[PDB]
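Here you'll find one protein chain in two forms, each presented separately as structure tokens under the names structure 1 and structure 2.
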Structure 1
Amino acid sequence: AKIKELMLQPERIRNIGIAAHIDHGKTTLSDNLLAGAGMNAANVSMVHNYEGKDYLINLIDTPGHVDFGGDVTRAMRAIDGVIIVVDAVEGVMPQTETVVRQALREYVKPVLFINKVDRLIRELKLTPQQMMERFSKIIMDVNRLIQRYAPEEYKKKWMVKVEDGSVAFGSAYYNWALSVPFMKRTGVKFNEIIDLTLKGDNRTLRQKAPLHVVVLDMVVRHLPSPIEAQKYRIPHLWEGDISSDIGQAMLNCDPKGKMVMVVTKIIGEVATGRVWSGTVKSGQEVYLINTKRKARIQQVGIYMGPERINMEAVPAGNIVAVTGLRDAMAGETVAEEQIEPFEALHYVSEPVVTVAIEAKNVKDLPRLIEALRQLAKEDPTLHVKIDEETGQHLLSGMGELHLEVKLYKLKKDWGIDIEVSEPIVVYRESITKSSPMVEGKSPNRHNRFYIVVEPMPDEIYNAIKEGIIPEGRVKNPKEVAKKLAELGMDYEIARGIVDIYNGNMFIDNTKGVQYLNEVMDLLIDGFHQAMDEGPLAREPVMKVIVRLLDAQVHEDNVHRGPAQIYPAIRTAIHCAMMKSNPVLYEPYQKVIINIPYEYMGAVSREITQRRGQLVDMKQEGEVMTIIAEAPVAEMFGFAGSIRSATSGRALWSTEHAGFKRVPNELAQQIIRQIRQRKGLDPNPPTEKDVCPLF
């Protein structure tokens, strides 16, 4: 009822998370763990009395999907200690071995909790010593993982010690546990739990050997304080320099140092994250180290139980909720001395894969569209065709699993078993060489436009998409032109820049064309139209520069509608492109695969079999992280091929890798199939079809 000022003392804070296989009990465990102490969500906090002193324990949301690298790894470096949860019936699984691997990767100290022991007693009918056998082999399994993947400084005192209470046993549904210290201190042994269980005398058991007591005791007695933890954690956590005065702001858990925090997850807008150094209050100033912008906070607050509560000044080593943070990502390093963030600069990316969806039941018609658009703005990478009845809607995102998650929102959560189309790869179109000049006549023959199109230099393209140069109509030509002139472009061309559009640009290099300024917006609409659908397979265009070299505009707007400016410039752009050797581009993925060494060849061979290439390779002892690039079109079904080849011990993710040119040998076939899917004639139009005659 007044516990808000434990946060002063860092060595009573416990930053922890629960690692578990699925159905193994983790949600239940957490619910009755923290209900047991009084009072997905981002973070939920509980205060617990251990040895007369009160501890503030942080239970942070931690996903467990092993086909998700990034989220899982992010949540687990957010925490300092972990409760590994294993079903006693099922045991240590390959997936358990994985989540343990990452847990232990970023120096997270572990404690084991065998759950579902009631199932052993009532349902599975074991002798006490069969239970001893089964407990001890789960323990031994885990301790050969700790043997195998722990840092050399830790692989024998980071083991789990049944005898010192680093291993609890119990039932999360029946709110009971047992460890040897709790026995030491209460005289409760297994015979009574078995007995009471068998009578069905749950309520006695509840309060003869209470879950949250035994478990949280194990937490405090064995999982480390933030200042306990950062002493070895922050160096491994990211490639900075410790000699910074900010280095031992983060090395210990210094509140009076510069503040430094990271966002763990986002939720009206509310960001939950961890404070590494310093102290936030509402309204100071914060530079978001690599999200382009910088900002400040409207409310600051902390967590009491499951409930969002508001306070002001919070020191380091705690978990905070903040609002007002516009474009912060999950994983956002927020601090104000500018340094480099704790994980890599993540490309913001465009959606690259699509599936078509149809409701089974006629009655789910009315506003599926805004459900799916709840998630379309929940996850910024998603786009869909809104409204009317098409068949209905295309869902476009970042990959197969990305989307199929959303499918199992279509019914784990909302009520519809669903039929989904095959997936299609969003391809794009571009050119390889510069064109001769091309003319665009309007139908009334009164307006003419002389253009060339040129392949865009990858430096400038990169510049546009990593944000250095901005999308949209140019709001400051003089400044933009310079930044184009920094990359190998002619300033006296760059100054006529007019528009940036989806990896292309439009430049006015005309001298004294009367009335051009009157059509220029229409010229841009036509430009955009020209880019929206390419001339090869009506796919979006990338890496093209359209330069207007000359023009003849009529003096009366009666001869200058959209009806005349659009087709003229649009087909000029397509004609030019067809003369500039137009090509297909496909999306790639960066694939990050983390495994035990024994499997590498298999992994490697798999990537080779998907037109993929190994890019990089990071090794830490017996754990191996392979980084590759492979085309999206070749990556379907990867979770299966890879689960098979690494026997479910691979932990992996993808990131957008940009787009690359499709080889000519496969290009044609792919173009014909795209056109065919689109209801078009397979054979791509050539320049003679697109350009007008004599």
Structure 2
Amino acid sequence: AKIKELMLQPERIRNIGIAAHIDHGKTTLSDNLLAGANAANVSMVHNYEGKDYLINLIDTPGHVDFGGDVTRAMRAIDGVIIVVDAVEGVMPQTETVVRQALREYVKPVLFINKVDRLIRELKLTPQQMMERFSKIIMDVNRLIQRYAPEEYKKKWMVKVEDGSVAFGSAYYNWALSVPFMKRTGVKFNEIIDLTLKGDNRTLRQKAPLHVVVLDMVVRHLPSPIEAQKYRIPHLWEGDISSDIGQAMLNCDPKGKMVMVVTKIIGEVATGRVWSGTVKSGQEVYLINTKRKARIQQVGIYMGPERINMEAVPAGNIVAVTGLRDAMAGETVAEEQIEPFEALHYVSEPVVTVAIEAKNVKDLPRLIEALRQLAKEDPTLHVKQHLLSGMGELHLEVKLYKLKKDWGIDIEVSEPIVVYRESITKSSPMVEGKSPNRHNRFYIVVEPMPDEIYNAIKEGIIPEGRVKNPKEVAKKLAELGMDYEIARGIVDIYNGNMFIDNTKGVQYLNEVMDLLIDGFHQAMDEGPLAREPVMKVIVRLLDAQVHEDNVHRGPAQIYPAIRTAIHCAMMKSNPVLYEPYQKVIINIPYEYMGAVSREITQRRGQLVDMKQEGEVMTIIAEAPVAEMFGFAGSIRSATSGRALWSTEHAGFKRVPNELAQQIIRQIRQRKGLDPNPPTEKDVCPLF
């Protein structure tokens, strides 16, 4: 409860993360650091030279092929503990995360781990071990000299002599730095002795891990109020001279409250309070998702657990509940400000994989273990059954958690790409008759103009049955559409729309709901390959509808409008669309040529290219179908130094020379007649 005494003082806060190479001592270090006094945040109170401090250990992923996570995490912290394995030394993955910390103006401190190996396995002398440390330190300081902001290329360098380097063993719970040696008296030659005779418990208290490392933390990693003076200008795109800008610049609880969301686990959003003061029952603007909401329960962290609190000021790490669907990275503020991150594309599942248990035993909580990942991850959809997500790696993570963590031996099919269908020309008028031949509909389908589709995808024109027809009609006419036709707008559905341009059709109003259901069925599965349809306009030109509902069931109306739509589409040059990924790659400049080649080899294109000193951020787009194995390729092409990630970037038309074989595969896979249908197969004779 001394936490509340501490949160009011920015200069007493340490917002930090741990960057460790896969198996260099990360979770071990985190765990034993807390015990020494996936989690979004874990906090620690630490006494240093009389005063107490509150240190926030924020989750900081280091999977270089999930760049998005690494980058976001770095943006949240002011200081990072680089952890390097004494034996193994500075690894390529370690260089990459360090690079990201430096890019996001995060000050580094070093912890050389697994020294216990140096002592027991190799029987090194103190002299030899200190020299080993010096090459590790030299390697790290080459990274800082190369990639740190120019202001800090020398300042941010780490040195054992001032205690911006410590060394020890996370596992065996001990660490040393020279400033700890001179306020305690201990030397390194005893720790060697204590290690070699096996006196683990005396080692543990004569040179304690948490004491030495957190000393380094407090002494050398900045507080929010210190760091936000140089970090906010690099993090935020708005007017710094403004007053929301100055409120974040200085670490300001005076001001209007502004926070960023770091992670989401009811739903719980962890976040960092840049300026102002968060409060329970606080109304806020969610800047990217462009909606509004109210903060229900606020809390602060005590180690792993969240303890309810409500008025907690700038500089702190917060948990809040009931923030709607705001995803990690969103800017939350009492005002409307320029967001820290830009709006991200919507995301839809585009790869699917077939999974089963190869031991027919573990199945029913394999089926729990399936919608269990769907529990925690909305972007994961499960139907065997089928796993559908955002890409190869997104799925693989799940497949990794099922075999190892949930202990299931599993068979896994080759991945399948999810395609879509559209058309490229307008159709002639087509008639659908119900089977009983008492209801008739006359339609055309037209290619939907890009400007209208985009307007639908980005919310300007809402999905669903159209509540305000004359308003939407006017918006459509603002876009390219003929206003009079536009007024017949009825439904918008998954990137398509249905339009009624009939006049004086008695009882049309009795069947309109069924026509829309049938419309939806027609878009659910297109005529080329039963893939979902996008970018089609259906227009109802005319119709004859029976007086009496006994002659108008679903069984009459559905097949009439469904077959009409599909036949018409077949007459309009039906085509396949395929999903693309936006590819965000971070590399040392020397690899620029190689990476470009790699993107071009997968039918991709460079979109953008940003440069900062010796580092390079490139943005590309490539077909999901061409991106399998990309981690492998970009790894060797960069000697493990690429940081990268992907986002959904919508759908584009499949090139004509690739399409027929892809259609054939999809139809074969679905147990259909392999031939791409033609209008002769879908439309009825004479």
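Numbering runs along the sequence of structure 1, starting at 1. Definition used throughout: the rigid core is the maximal C-alpha set that superposes within 1.5 Å between two forms.
> Which residue of 154, 414, 491, 232 is the mover here, meaning its C-alpha shifts by 2 Å or more between structures 1 and 2 once both are aligned on the rigid core?
Result of the comparison: 491.
> Answer yes if the Cα of residue 480 shifts by 2 angstroms or more between structures 1 and 2 on a rigid-core superposition, and no otherwise.
Passes the 2 Å threshold, so yes.
> Core-aligned, does residue 127 move its Cα 2 Å or more between structures 1 and 2?
Indeed, residue 127 is displaced by 2 Å or more.
> Return yes or no for residue 403: a CA shift of at least 2 Å between structures 1 and 2, with the rigid core superposed?
No, the C-alpha position differs by under 2 Å between structures 1 and 2.
> After superposing on the rigid core, how many Å does the CA of residue 290 move between structures 1 and 2?
On core superposition, this C-alpha lies 1.7 Å from its counterpart.
> Let me know the CA shift of residue 108 between structures 1 and 2 in Å, rounded to one decimal, core fitted.
C-alpha shift for residue 108: 0.2 Å.
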